[PDB]
Structures are given as C-alpha cells and as structure tokens.
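So the structure is just underneath, and the comments pick up after that.
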Amino acid sequence: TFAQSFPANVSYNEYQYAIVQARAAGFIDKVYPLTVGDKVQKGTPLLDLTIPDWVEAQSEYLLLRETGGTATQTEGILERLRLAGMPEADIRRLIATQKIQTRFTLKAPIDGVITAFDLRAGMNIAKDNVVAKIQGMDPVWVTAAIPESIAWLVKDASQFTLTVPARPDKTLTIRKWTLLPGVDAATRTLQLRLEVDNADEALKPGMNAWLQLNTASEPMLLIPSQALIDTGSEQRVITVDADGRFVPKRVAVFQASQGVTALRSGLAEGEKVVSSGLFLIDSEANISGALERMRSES
Amino acid sequence: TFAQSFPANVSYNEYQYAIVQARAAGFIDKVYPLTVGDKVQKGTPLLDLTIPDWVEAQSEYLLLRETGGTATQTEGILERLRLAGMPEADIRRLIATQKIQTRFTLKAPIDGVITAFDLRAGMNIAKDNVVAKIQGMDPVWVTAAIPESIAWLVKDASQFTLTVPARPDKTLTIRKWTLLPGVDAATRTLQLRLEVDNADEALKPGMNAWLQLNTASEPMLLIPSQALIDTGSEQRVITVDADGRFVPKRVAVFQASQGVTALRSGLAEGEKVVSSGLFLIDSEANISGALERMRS
Amino acid sequence: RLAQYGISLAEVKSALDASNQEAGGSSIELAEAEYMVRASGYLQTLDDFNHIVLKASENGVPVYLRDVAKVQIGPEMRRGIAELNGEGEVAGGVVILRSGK
Amino acid sequence: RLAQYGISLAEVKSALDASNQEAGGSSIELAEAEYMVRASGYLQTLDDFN
Amino acid sequence: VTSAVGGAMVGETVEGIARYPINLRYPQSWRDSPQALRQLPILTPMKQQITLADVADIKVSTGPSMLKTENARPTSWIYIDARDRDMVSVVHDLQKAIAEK
C-alpha cells in the first residue's frame, strides 16, 4: 500500500460559470446592494437597466394586436424580437401585459459568489460590459499538486481522502477525481482535480487542503521495515528457523513505504523474520561467522 | 480558549459607489474645481458639456407644440427623448423653457469621495468615459483577515472588538458582521466585513484596524500539547494504565490552542497520560519503533 | 504549508535567525539623568515563535511561522545515555579533580 | 561571455563560492542501526567546475 | 539536508543563566526511510515543486565509522604479537621482510 500526501487548493467549480452580459446597449438606472466577494443566489437582482433597442419592434407587435393582426403575424414578429436579444422571459411579460417593455431587471443565473462587477450606479451598459461574473462552489473543486517524478504513484485503483485545516470537524466526500491531461509548466506538477460535496458551503475556495493518496501495487513478499538490513551492497534479514536457529538470508528489495518494505524475491510466505533486537542478533551472527557463512554458501 | 487580534482595514462602502458617465457623446465646456481625493456631496457640480443628439428630437417636440399636435404625439416624442438617454430632469427643462437644450451639467449622484476623475477642460466626452467615480464612506467598511485554520470557530463567533490606531477612542463591540465566502490565496485568511458608522468622518478609508476575538470553543477532550507524540502522518499519546506502565494509543487530533490540544477520539476522559515526547531521541529515534519498545 | 504559502525553507531560517536578539540604542539625557535605551527582542513565549514574520502583503496581512510549521518542545540529540539501577534512565554528573591535587 | 549571457563578475564569484562544500544531515535510524546522511558537493572533476 | 532532514540547530533562547537550542526540521515521517528521502518535497526558488530525487541520487552504503589519523596523514595500523616470546629481533626480521616481498 503506497501512501503519500500532497498539498491542494479549494477552488470554485468551473462548470458553475456565468458571466452575465446585457443583450443590448442601454444605461443603468438602479444597482442593488452588491459587490465582488458577495454570494448571490439564483434570482438575486443584480441591476436595473433601460434598453431602447427593442422599443420599435415591440410597438409594431402591439399595433397589430389592436388592428386585428394574424395569429402567425405575431409568432413571427416575436421571434424577430426573440433573436434580437430580448429574453424570452421579458417577452412573456410583453404579451401578458400588452405594454411596451423599457426597464428590465438582470438577475443571477446561478447560485454562487460574485467574482466580477464592472457596472455601477450612473454608468452606461454595453454589449460587452460584464455586469457580473458569478462562480459557483456547491460541488466544490479541490486540486492537488503532484510532482512529475512521483507521477507513477497515482493509478485508477488509487484511494483518496481530503482534509481541510480550516475544518477538522467535517468529513469530506469526494465524488469524482480526475488527472488532467497536462502538467502545470510553472511548477512541474501534475494536476489532480477532484470535486467534493460541499452541501453546506463550509469549504471556501482558496483554503488549503491536504490530499493523502493510497495506491495498490504489484503483489509481493511483504516484511516490516525494521526487518530489512541494508548495507548498500547486500539486503539481508535474520530468519528464525524451525528449531529456533537464527539464520540470515539474502533478499532483493522492490519498494517500501508505511514502514513496510516489499521483497521481489528471497523468502517464502509463512516464514518468520525478526523485528525487535534485530541489530544485536545480526551482530551476533556476524561475529558467529553466520553472515560470513550464508554469503559463502553460494 | 482563544484570544487573537486579527488585522483589518478601513475602506470605502462599495454599496455607495457611483461612476458618472455621459448619456451621450459631446464636448466639455467647463470643468468645476474638483479632482481626485476630494469630498463632494449629492448635487455638487462636476462639469458642463454640450451634447448634440437630442436636438433632432427636441425640435420634433417643440415643433409639435407650435402646431398643437396630439397629446399622445407629445407623450411620444418625450419618451423617445428618454429612451434615447437624456436626464428626466433635462427633458423637464425642455418643456418649461420651450427652447432646445444644448448645454447640460453632470452632478454628483451621491455624496462621497472622488476616487477617480479623468475629464478636464478642452477635452471631448464619450459614453465610455468616466467624468467622476465617487465612493461613499458613511457606513464605512472594515475587512479583517482571520487565519483559515480557525474557520471552524469564527463561523460561530458571538462578537468582535474593533479597534483602530488612528482613533484610539473609537473602539466599539462589533456584534454583527458578514463572513465572506472567499479565502485569500496570497495569505490563507478569511474575509470578515463590518460596517461602522462614520458621522464624524473619523475612520478614513486606508487606515489600519484590529478585530479582537476572545472566545472559547465547545467543550472537548483536552490533553496537554506537550503530551502528543506526532510524526508526519502517524501519531499517538502515552497512556498510563492502572498498574502504572506505558502503553501507546492511536489518537485523532482536532486542533490545539495555547498549550492544549482538543482531541477528536483515541482516548476517553480521565485516562492518565504522560506529558513528554522526551522518551524518544529527537535525532531519528523512529517514533513508531521507539513506541514499540514500550510494549510487549 | 511552505508550498501553499509561497515560503521556502531557506526563507524561514533567515527570518527565524533575525528575530531573536536584543538591541541597545545608546543613552538619552533628561532631568540631568542618564536613561538607557533598551529594546526587547528575545524569544520567551512560544507565541514569539508562532509570530515570526515571513511574508507581508501590501494589504497589511502578514504570514507568520505558525502558518508554515508547528513549534513543539522536545529533547535534543544525545551522544551518550545514563541509566540507574535498571529501573529508570536519569541524568547526573561526575566530579573531576585538578590532576595534582 | 559575461556581457552576452547577462552575468556579472560579482555574480560568478558568489555562485562559485556556493557550490564547493559537503553537508551533514544528522543520522537516521533503521534496522536498529545508525545511518549517517552524507551529502556530496566538493569539486573533483573539471566538469564540476564547468 | 542539513536543516530539513537533519536536526540542525539554528538558534538559542536566552533564559536567565540557562540557554537552550532551537532547530528547524521536517516532520519525522518525511524522513523515515531512504525512499522517503527520494520523495523529500523541495520548494525550488522558482516556486516549483519537486522531490530530492529530482536533483540527486540517494544510495545506502557502508563505510568508515571513525577516522583515526596520526601525524596529519591517514594511517592504518597492523597489530602483530606473540604470547611471551622474544622482541629485539622480530621487528628487524620484518623491516627487511615486508620491504622485500
């Protein structure tokens, strides 16, 4: 079981993105109590504006209404109005009130937090003037920074658990983790983005998050790390033979972590191996000429 | 228990935020004696400008009166004059004077401080220009930066104590405040905003401030921090059984404070626990292994 | 914490080894007396540790040591151990005599 | 070469006198043994110079 | 290496007559094993995030445990003796033996 921790940032969900813009040019009348950094819910009034670009088209609709126009002479002058910009919403008011629409109220498309706000009291609004950028955070995103070298340490079967210092009281629940196709050129780090259920908005975007990773490896012989004696030329472990005879044996290390090494070969499951007092014993067998014998027996 | 004093800053009210732009293109005639950093009040003249554009329609109206056109005919041309962008008050002037309005005057929409002002004499003016950006500061704002860590606490804080060096006397007990949903990334802090009243205009935007917080969390399991043997990942404590021997115990940590760590689990109340990581050798005495030597 | 706060190991040390001294600013006469200008700066509480400044934004919000590390108190590195009667390890000392005396 | 590479005499010396030492990183127990953490850094080949 | 993975001292707290050491270091877990060191996190100058193995190879190996030297050069000894036996002759048989084979 490979285990390694990584740093991570809690971020806004980028699939919760909405940059509101006016369908046509006009001027701002009212701007509701709001600003960047605030949290708006789907429906919140952003600002009031007067758009004259449609006045001419709407009146020609009301004209026909009173002059006994055709049913289809309306559906056609309403799409002439539909693809002019005027929102189907503000249009439904036109037909249900028979009055010209001059003042409209832009609202927040999604539940989220405002990150941008370029229009304020007294200005004139333009087709591009982003009235308000609102980013969500319900299924909040959290991305971890994996070093290009340790990349191999992550696979499909890999188990993940998030932990946020800001909240030691909230058990997190990951629902989708992804290994982005590219690697941050700026930090030489693989990007691992995973979205976590933020039901109660207790996991704010920008706060630290620690991602611990668990990864299954190839099936191998497994012994404790205290058991492996490494002299940078030979890998040995002191075996406890049937009779109680301490006999050293050479093994071949594969990888190790969590205080448990893994030999690629050199032993046999069921076999016993010393953990505590391993040093004295090895030394005793070194004096005894055992380690010398074992190495000579080949 | 907690006793911290977060850093904060006085700033303008962003709900009192005006950006005066001309309804239509024109050219500046006279610009009043104002500039960035000045204090203005609702009604303060900003600049005079000539706007040719409503002339066409203003004529259409005046002409209609010269030949008494239909009521709805005038009601119509006056609306084309509004939708075309033109102060509801300047139209009001048109009908009164019965003379075409060529010169106009932009004025401060609300009282505040000129933070921006980029239109002077001899210039022209476009609809995207900014004749004046005026930001109020009556209910002045203060935004403190609280360490991300104690997010679990500040969420349910009763009251803070806002102090400020500039005015050592204007210290009050903030009881209502809005904890923002965003955490700074440069630093890792929470954003806590609060509106303090500025009748005397003493708290000027740009002064340092302090938000004190004296509170204590809900009752939890508490052990002396000097008793928590913590390695990078794994970590336990040293319990003392009835017979007075040593036995390690895997524990989960909530968070420490002033020399005591709140414990999430691992051990129940009462259990005696030694208060020392001094039973191992700081220089690599493999904590996992050194803890093993204590049991058999 | 380092990666997250944009602080380096190299930076923390230099910041640490620059916030643990005392300073003398000469004297200053007044009332015909001699007033000495002392300046605090030694580490005393563990807070003085937690409150080592590493990074300060233009805004005014600083980043302390407590944000990139914990400050636990523990033992040192030893070159030798002493044990008494098998029922406990303790510390002591030997008295060494001036050779000839 | 200095002018062409934007390096100063002052810089080269400081860079040189910071790449010719050895470092000790305490010890590290494992198998009840005492493993010492040595770190290379001395100049040996002329390549280490280049 | 020195500070992060080693218990490197870096300061002292002045407490009355007493004086205690202050040292910087990573959490023990980050330095448990050789492999651990190969994944030692480093925050490079360019705020890049890498491991120790990305800038070095780490290998286990045996070697000297103490360097005894006499006269400013490295000198290994050779302990030859006899139980009882003679003396003023053997060392002579060797000053000619060794330097002749």
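Letters for chains follow the order of the structure tokens (A, B, ...), residue numbers begin at 1 for each chain, and ligand numbers begin at 1 in the order shown.
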
Shell around residue 41 of chain E at 9 Å using only C-alpha atoms, local window under 3 positions removed, as a short mmCIF file (atom, residue, chain, number, x, y, z; two decimals) with N, CA, C and O atoms, in the first residue's frame:
data_model
loop_
_atom_site.label_atom_id
_atom_site.label_comp_id
_atom_site.auth_asym_id
_atom_site.auth_seq_id
_atom_site.Cartn_x
_atom_site.Cartn_y
_atom_site.Cartn_z
N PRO A 147 4.14 16.10 -8.12
CA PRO A 147 5.42 16.25 -8.83
C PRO A 147 5.55 15.27 -9.99
O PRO A 147 5.24 14.09 -9.83
N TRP E 30 8.48 12.38 6.97
CA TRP E 30 9.03 12.76 5.67
C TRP E 30 10.46 12.28 5.49
O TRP E 30 11.03 12.42 4.40
N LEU E 37 13.27 9.88 1.54
CA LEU E 37 14.16 10.96 1.12
C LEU E 37 14.09 11.19 -0.38
O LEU E 37 14.24 12.32 -0.84
N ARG E 38 13.85 10.13 -1.14
CA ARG E 38 13.75 10.26 -2.59
C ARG E 38 12.47 10.98 -2.99
O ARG E 38 12.30 11.41 -4.13
N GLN E 49 7.70 22.67 -7.55
CA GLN E 49 7.56 21.64 -6.53
C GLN E 49 8.11 20.30 -7.01
O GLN E 49 7.55 19.67 -7.91
N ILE E 50 9.22 19.88 -6.42
CA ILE E 50 9.88 18.65 -6.83
C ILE E 50 10.29 17.81 -5.64
O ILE E 50 10.01 18.16 -4.49
N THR E 51 10.94 16.68 -5.91
CA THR E 51 11.45 15.81 -4.87
C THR E 51 12.98 15.80 -4.88
O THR E 51 13.60 16.13 -5.89
N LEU E 52 13.56 15.41 -3.75
CA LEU E 52 15.01 15.36 -3.60
C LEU E 52 15.67 14.52 -4.69
O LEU E 52 16.78 14.80 -5.12
#

Find the residues of chain D that sit at most 7 Å from chain E; for each, write down the nearest two atoms and how far apart they are in Å, to one decimal. Count only C-alpha atoms. Sort by chain, then by number going up, and give it as JSON lines.
{"residue": "D:23", "atom": "CA", "partner": "E:2", "partner_atom": "CA", "distance": 6.1}
{"residue": "D:24", "atom": "CA", "partner": "E:2", "partner_atom": "CA", "distance": 5.4}
{"residue": "D:25", "atom": "CA", "partner": "E:6", "partner_atom": "CA", "distance": 4.1}
{"residue": "D:26", "atom": "CA", "partner": "E:6", "partner_atom": "CA", "distance": 4.5}

Kindly provide the residues of chain C that approach chain A to within 12 Å, each paired with its closest atom pair and their distance in Å to one decimal, based on only C-alpha atoms, listed by chain and increasing number, as a tab-separated table.
residue	atom	partner	partner_atom	distance
C:1	CA	A:7	CA	7.8
C:2	CA	A:7	CA	9.6
C:3	CA	A:7	CA	7.5
C:4	CA	A:208	CA	7.0
C:5	CA	A:208	CA	9.3
C:6	CA	A:187	CA	11.9
C:67	CA	A:165	CA	10.8
C:68	CA	A:208	CA	11.6

With N, CA and C atoms retained, write the just-selected residues as a short mmCIF file (atom, residue, chain, number, x, y, z; two decimals), in the first residue's frame.
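Saved the output as again.cif:
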data_model
loop_
_atom_site.label_atom_id
_atom_site.label_comp_id
_atom_site.auth_asym_id
_atom_site.auth_seq_id
_atom_site.Cartn_x
_atom_site.Cartn_y
_atom_site.Cartn_z
N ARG C 1 2.78 23.28 3.89
CA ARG C 1 2.43 24.64 4.26
C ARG C 1 3.32 25.61 3.49
N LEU C 2 4.57 25.22 3.29
CA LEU C 2 5.52 26.03 2.54
C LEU C 2 5.03 26.26 1.12
N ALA C 3 4.73 25.18 0.41
CA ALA C 3 4.28 25.27 -0.96
C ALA C 3 3.03 26.14 -1.05
N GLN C 4 2.13 25.97 -0.09
CA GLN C 4 0.85 26.68 -0.08
C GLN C 4 0.98 28.17 0.21
N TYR C 5 1.99 28.55 0.99
CA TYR C 5 2.16 29.94 1.39
C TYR C 5 3.26 30.67 0.63
N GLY C 6 3.91 29.97 -0.30
CA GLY C 6 4.96 30.56 -1.10
C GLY C 6 6.19 30.93 -0.29
N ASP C 67 1.97 29.54 10.46
CA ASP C 67 1.24 29.20 9.25
C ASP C 67 1.98 28.17 8.39
N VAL C 68 3.27 28.01 8.64
CA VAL C 68 4.08 27.09 7.85
C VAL C 68 4.70 25.97 8.67
#

Residues of chain B that have any atom at most 12 Å from an atom of chain C: could you tabulate them with the shortest-distance atom pair and the distance in Å to one decimal, using only C-alpha atoms, ordered by chain and increasing number, as a tab-separated table?
residue	atom	partner	partner_atom	distance
B:3	CA	C:47	CA	11.8
B:4	CA	C:47	CA	11.1
B:5	CA	C:61	CA	11.9
B:6	CA	C:61	CA	8.8
B:7	CA	C:61	CA	6.3
B:8	CA	C:60	CA	7.8
B:9	CA	C:60	CA	8.0
B:10	CA	C:59	CA	11.1
B:11	CA	C:59	CA	11.5
B:143	CA	C:59	CA	10.8
B:144	CA	C:61	CA	8.8
B:145	CA	C:61	CA	6.8
B:146	CA	C:61	CA	9.3
B:147	CA	C:67	CA	8.4
B:148	CA	C:67	CA	9.5
B:149	CA	C:67	CA	8.9
B:150	CA	C:67	CA	11.8
B:184	CA	C:61	CA	10.2
B:185	CA	C:5	CA	8.1
B:186	CA	C:5	CA	6.9
B:187	CA	C:63	CA	6.5
B:188	CA	C:5	CA	7.5
B:189	CA	C:61	CA	8.6
B:190	CA	C:61	CA	11.0
B:191	CA	C:61	CA	11.2
B:206	CA	C:59	CA	9.7
B:207	CA	C:60	CA	10.2
B:208	CA	C:60	CA	7.8
B:209	CA	C:60	CA	9.8
B:210	CA	C:60	CA	11.0
B:224	CA	C:72	CA	11.6
B:225	CA	C:72	CA	8.2
B:226	CA	C:73	CA	7.1
B:227	CA	C:73	CA	10.1
B:228	CA	C:72	CA	9.3
B:229	CA	C:72	CA	9.7
B:230	CA	C:72	CA	9.4
B:231	CA	C:72	CA	11.4
B:232	CA	C:70	CA	11.3
B:255	CA	C:70	CA	11.6
B:256	CA	C:70	CA	10.2
B:257	CA	C:47	CA	10.8
B:258	CA	C:47	CA	8.7
B:259	CA	C:46	CA	9.1
B:260	CA	C:72	CA	11.7
B:261	CA	C:72	CA	12.0
B:275	CA	C:74	CA	10.7
B:276	CA	C:74	CA	7.6
B:277	CA	C:74	CA	6.0
B:278	CA	C:75	CA	5.5
B:279	CA	C:75	CA	8.5
B:280	CA	C:75	CA	7.9
B:281	CA	C:77	CA	6.5
B:282	CA	C:76	CA	5.5
B:283	CA	C:77	CA	5.2
B:284	CA	C:77	CA	8.8
B:285	CA	C:77	CA	9.8

Enumerate the residues of segment 32-205 of chain B with a DSSP assignment of helix (DSSP H, G or I), computed from the backbone, and present them as a ChimeraX atom specification.
/B:55-66,71-83,88-97,148-154

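Taking only C-alpha atoms, the non-local environment of segment 18-29 of chain C within 12 Å (same-chain residues fewer than 6 positions away omitted) comprises residues 11, 12, 35, 36, 37, 38, 39, 40, 41, 42, 43, 44, 45, 48, 49, 50, 51, 52, 53, 54 and 65 of chain C; 10, 11, 12, 13, 14, 15 and 22 of chain E.
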
Determine, for each residue of chain A having at least one atom at most 7 Å from an atom of chain E, the closest pair of atoms and their separation in Å to one decimal, counting only C-alpha atoms; order by chain and ascending number, as a Markdown table.
| residue | atom | partner | partner_atom | distance |
| --- | --- | --- | --- | --- |
| A:147 | CA | E:50 | CA | 5.4 |
| A:186 | CA | E:48 | CA | 6.7 |
| A:187 | CA | E:48 | CA | 4.0 |
| A:188 | CA | E:48 | CA | 6.3 |
| A:189 | CA | E:49 | CA | 6.7 |
| A:231 | CA | E:61 | CA | 5.3 |
| A:232 | CA | E:61 | CA | 4.0 |
| A:233 | CA | E:61 | CA | 6.9 |
| A:256 | CA | E:35 | CA | 6.9 |

Strand (DSSP E) per DSSP on the backbone: members of segment 11-255 of chain B, as a PyMOL selection string:
chain B and resi 11+17-20+26-31+39-40+45-50+103-107+112-116+124-125+132-135+139-147+161-163+178-183+189-197+208-215+221-224+228-230+235-240+246-250+253-255
